[PDB]
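In structure tokens, one chain follows: the form deposited in one PDB entry.
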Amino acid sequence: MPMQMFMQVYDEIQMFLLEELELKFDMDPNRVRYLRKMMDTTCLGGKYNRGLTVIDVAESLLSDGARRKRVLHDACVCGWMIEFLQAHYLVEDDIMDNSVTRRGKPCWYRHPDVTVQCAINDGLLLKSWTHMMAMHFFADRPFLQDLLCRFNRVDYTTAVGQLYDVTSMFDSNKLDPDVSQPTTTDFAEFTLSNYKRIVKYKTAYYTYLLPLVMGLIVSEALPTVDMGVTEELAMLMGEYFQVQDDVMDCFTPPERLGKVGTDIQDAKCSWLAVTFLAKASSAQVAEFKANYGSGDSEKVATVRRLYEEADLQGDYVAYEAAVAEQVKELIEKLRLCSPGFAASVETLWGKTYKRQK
């Protein structure tokens, strides 16, 4: 049912946007249908976990069935703002990471009749829609300002996190626009501390904290919860969530994930990379620096192998257990003064813990 009306509001939004493009932007049918396909390919195709969470939080907190419908509808729009925001990130992300597949299908910039230059712009259009839809529905809403302040900061912090992610192969001390530099060879920068910063900003905020806050805002209950504990949980579940993505990027079959990993080729500072270098032996670390950050398959195979050889799946489990009980503890601290919020928060966790996706 949540998923039912979630798709109903999607159609509203798609109608409003595309129609306006024809009525107020002098757009021709061919281009109007192109945006439809671009929208559907990039926004539909996922499990909508960020969007659906907003509804759950809103519903779980609204405790005259109009107030219920008001909060419900708004929660769905706020739901699609993040889904569209995620749609925006992934389009640009796939481009930057030179990815091939996304959600079982080719990445947007990989579509035969979608140019890279146009893909970039579509990615921007996606971001502009979040604002366009919000302004259309929340027009006369007391929280409109607060909603967008927090929405944009999260977007901003996520872009910053992508700065950290995109520039982790480079010795930050040799980071100067006017002078080039190649992939690091010592990987001194590949530290858990540098990994944690990357993940906290590029993933955590928009994937866990944002969905929670928007649901709290439409529910007019933000001041009721302990924003501090809530923040601690969002960062914790966020990191964990990203650590999973990193392992799945290397071990989960492309068809089960719906995308072909590029971390090894892109010499990304993944969790698997910083955890390996931290425990591996002289020879292991050497064979790594010699085969990492390359497209060659025997070079790629080597890095995959070396990961297994080093048994990272065991470090993972210990990490997962650490988080699992750290999350449980925080939720109990939250459950004390806000049981309604506590429940919705645990559902988000349960959707994360040991996911295969």
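Only the largest set of C-alpha atoms that superpose within 1.5 Å between the two forms is called the rigid core. Numbering starts at 1 and runs along the sequence shown.
This next part talks about the form deposited with a small molecule bound, which is not shown.
The stretch from 282-290, 137-145, 241-249, 69-77 that comes within 4.5 Å of the small molecule in the deposited bound form, counting heavy atoms only, is 241-249. Although the partner is absent here, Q313 lies within 4.5 Å of the small molecule in the deposited bound form, judged by heavy atoms.
At the 4.5 Å threshold, heavy atoms of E308 reach the small molecule in the deposited bound form.
Just one of the listed positions, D165, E83, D94, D74, moves its Cα by at least 2 Å between this form and the one not shown when the rigid core is held fixed, and it is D94. Core-aligned CA deviation for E220 between this form and the one not shown: less than 2 Å.
Superposition on the rigid core between this form and the one not shown places the CA atom of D311 2 Å or more away from its counterpart. Positional change of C149 between this form and the one not shown stays under 2 Å at the C-alpha, relative to the superposed core.
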